[PDB]
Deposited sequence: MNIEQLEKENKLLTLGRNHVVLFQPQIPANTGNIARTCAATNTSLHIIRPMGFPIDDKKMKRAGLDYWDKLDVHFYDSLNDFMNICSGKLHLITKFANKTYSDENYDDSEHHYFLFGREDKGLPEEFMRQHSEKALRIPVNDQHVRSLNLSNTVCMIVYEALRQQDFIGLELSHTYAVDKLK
């Protein structure tokens, strides 16, 4: 049964990853992480540890990914909200590192899958990563009539 998935490539900032986990828990979104993370996992610093999967590499995730993949990038020639999420597919939303983005070779192979969040680049060139995850996940939900919210048990 089709659902939404967030895929973080080598997440570098702890606070962004904790906010993403919270958005995933709130939305019944699965979380996928490509190792290595840029930070140590500190038990004490931290409670609902949601559907989480780890992968050694992008290639590793790609052998196991089944459905529609969307690359979130700065320079895609398509806007996030113009993609159609209103189907029964699994949707995977892949986000680059805060500092480096996604590998440029991967972006090239998959360029037709890339979507951007438009910004005016006058003062800042980018939005905070966890902010982008939340809005991308909720745009998919919006088009899906928020049905993922109702389907925790299933």
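By the record, the deposited chain contains unmodelled runs at 1-14, 61-66, 70, 176-182, with no C-alpha atoms placed there.
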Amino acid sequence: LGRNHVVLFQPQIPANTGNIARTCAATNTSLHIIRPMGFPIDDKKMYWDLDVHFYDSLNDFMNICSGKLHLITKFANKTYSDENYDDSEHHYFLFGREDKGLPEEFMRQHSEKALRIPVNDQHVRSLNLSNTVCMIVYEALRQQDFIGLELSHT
From here on, numbers count along this sequence of modelled residues.
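For the pair 138-146 and 9-17, the mean B factor over Cα atoms is greater in 9-17.
Across the two stretches, 22-30 and 121-129, the PDB entry reports the greater mean Cα temperature factor for 121-129. Note on the listed residues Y92, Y85, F106, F95: the highest Cα temperature factor in the record is that of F106. In this PDB entry, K100 carries a Cα temperature factor that places it within the highest third of its chain's modelled residues. Compared with the other modelled residues of the chain, the Cα B-factor recorded for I41 ranks in the highest third. In this PDB entry, the Cα temperature factor of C65 sits in the top third of its chain's modelled residues, the highest group.
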